Amino acid sequence: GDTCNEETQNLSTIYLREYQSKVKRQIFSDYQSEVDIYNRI
Amino acid sequence: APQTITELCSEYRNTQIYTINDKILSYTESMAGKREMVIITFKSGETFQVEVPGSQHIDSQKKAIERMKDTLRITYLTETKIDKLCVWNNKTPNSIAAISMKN
Amino acid sequence: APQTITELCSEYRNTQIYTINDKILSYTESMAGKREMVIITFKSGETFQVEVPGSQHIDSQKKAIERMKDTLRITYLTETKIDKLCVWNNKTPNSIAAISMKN
Amino acid sequence: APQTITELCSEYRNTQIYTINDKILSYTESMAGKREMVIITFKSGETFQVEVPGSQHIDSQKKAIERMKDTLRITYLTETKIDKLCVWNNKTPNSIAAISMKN
Amino acid sequence: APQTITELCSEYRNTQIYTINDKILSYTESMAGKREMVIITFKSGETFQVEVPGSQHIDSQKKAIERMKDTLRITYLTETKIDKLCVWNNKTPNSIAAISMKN
Amino acid sequence: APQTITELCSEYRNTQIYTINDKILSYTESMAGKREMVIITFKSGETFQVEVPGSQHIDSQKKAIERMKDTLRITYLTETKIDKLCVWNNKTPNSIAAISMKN
Amino acid sequence: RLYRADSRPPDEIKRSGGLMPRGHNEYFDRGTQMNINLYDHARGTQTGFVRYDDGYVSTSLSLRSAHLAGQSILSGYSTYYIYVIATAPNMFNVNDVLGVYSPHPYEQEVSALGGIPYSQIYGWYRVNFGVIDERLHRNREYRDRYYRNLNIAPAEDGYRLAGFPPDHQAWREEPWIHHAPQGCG
């Protein structure tokens, strides 16, 4: 039936979404620009 | 407070929601005197601006205009999909009042 | 000083710990006058705001409100999981007092 | 308001559009007294500056000068392709007035 | 001026060097009133704080506190290993004075 | 008007151009009182600082010193090679006046 | 370092954000949903491609093994590339997770769950008329400090991702038994 199949799909998508977050933390952090909060306010 | 961008958009006059669901095609940033603004376009053809600060802005919107320009520059560079935009349509290009993104 | 967000949360009235342990599903940012705020939501269905700076905020908080909006935007974009949130539950949507992240 | 960088560039005397369509080859930033500027260069040999703040700048331009130096550092470091530049050609190197990026 | 995190640390009373050689395990940020601080912890059990700007701080340190809270958010997100910390150990949790990282 | 870092550097007394062409080996940042500074080293044994703001810095330099410390943090994190540094050699460690990076 | 021969070039890979499995166009695209199953990935074969279906992309443990695989499926391609890839926990040793049920044992493939992002690819060699040009081109965007110290995911972490069908005896035996999805086993 599908639940075995649907659980391997759900679990494999979770481990992937998690690794993808690690990669986004690397490559998107390069674009983060810090703000001078004291002159902003 | 509002709980969604549609709900917040509805509190103002001359506003409308655009469901974009797409990343930004281009980003223009200007420091030319009297034109210190940001312009973004989508492949749909739509163009929107963050307005130059001016008298229609109360003082609490001034730190928020700067925050919004920071958001659009980094949303553009990361190719992040924008869900919706709340815009004042009595302005050409229309100007952004609020943005939402969904992952 | 506190050593944990749970410890720090309990030294205020009307707060509570939410254990989220999940990424931000959606991010909404507004520069609309009197509603310059951010609203985030989770898959679980809760909605939280960083409130509009107001009279309930002493002056040292003004720089902390700005930093929090900056943190929630880069957390949203990199899909980093939030672990726990300390929120004032006397506000709708509830307001973020503090956030923690692990790993 | 303008809707493209060309349209905005045309509103000023002494400007010109450079179509770059390339990433920045070198970035130079200076904090030396009276020459606190940024200078960028492309593989074509063209060199551009963000000028030192001064009297040719109205007060609203000063945050936009800082933001443009922020954008140019991000663009250099991530090798982001710049599409066009709007510059004042009455300066050596030519000064940046506005930048656009595409895709 | 000092050439090393250790020379610098030794110019102060109540400080101590920690050799961490590891990434930040958790990051807590608070905007609650009178508790506008960041708390970080490592897998080894230590907890350190960037403390609230109080009266023990000279003006030049107000900006340096903000810079340190920025550095701690970005080295947590990118999982960069911290080498050493110079901390004031007359505080609980110990208070960060300087940070070093190397690769 | 200087088009390169070497021209820029030659306008000041007691400067020197160092051809580094390597990424930064370590980054140190201090918020201790009267020691708010950044120290960086290279694999060749070279150590430079960005100075504590003081009497020798004019007003225009205050912001530019904050920007240099921001460039050095992100160049270190992204492992970008620095091409040349223009330094005041009358300070120990030698003090950064300007930075150059290419490709 | 792992190795994969591929007809898709450096510029197409940059655009895709890495070496994608079959039918996935961009590394971070969540819209077009992708089926991921290691047993199914491992058994299938493709023409003009080293195994890359069902959400995983295969690699070889050596340049020589990658070139042998590329010649078998890409010989008369005037040029193709062999990518050099850093080890990281998105990678699973297929023989170690499928074990005695590993379908192409002698190949010793390491598969990447969901593709290989562009920042994990160290560099590449060009192969002209089946002959490798010995100069490695280094990927400027390779994240050296991040990947520097990472390695393959241990097999323990993949047994529950094996993707064996619900009635396959493997779910009824060690090691997979202690790790079966609810609905298998």
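Note that the chains are named A, B, C, D, E, F and G in the order they appear, and that numbering of residues resets to 1 at the start of each chain.
The rule is simple: contacts are C-beta pairs under 8 Å (C-beta built on N, C-alpha and C of every residue); 3 or more make two chains touch, one makes a residue touch a chain.
Touching chain B and chain E at once are the following chains: A, C.
The greater number of contacting C-beta pairs, out of the two interfaces A-C and E-G, is seen for A-C. Averaged Cα coordinates give chain A a centre that lies 21 Å from the centre of chain G. Computed from the mean C-alpha positions, the centre of chain A lies at a distance of 26 Å from the centre of chain E. Look at where the CA atoms of chain F average out and do the same for chain G: the two points lie 43 Å apart. Here the spacing of chain A and chain B, counted between their Cα centres, is 25 Å. Shared interface positions of chain D, i.e. residues touching 2 or more other chains, are given as 74, 77-78. Counting partner chains per residue, chain G has residues 145-146 touching two or more of them. In chain A, the residues that reach two or more other chains under the touch definition are 20, 24-26, 28-38, 40-41. Every residue of chain E that touches chain A in the complex is listed here, in rising order: 62-63, 66-67, 70, 74, 77-79.
By the touch criterion given at the top, residues 1-5, 8-9, 11-12, 15, 50, 57-58, 60-61, 63-65, 67-68, 71, 74-75, 78, 80, 83, 86, 96-103 of chain F touch chain D in their complex.
Of all residues in chain G, those touching chain A in their complex are 27-28, 35-38, 55, 88-90, 113-114, 117, 119-120, 143, 146, 160-163, 165-166, 181-184. Against chain D, in their complex, chain A makes its touches with residues 30-31, 33. Residues 17, 20-21, 24-25, 28-29, 32, 35, 37-38, 40-41 of chain A touch chain C in their complex.
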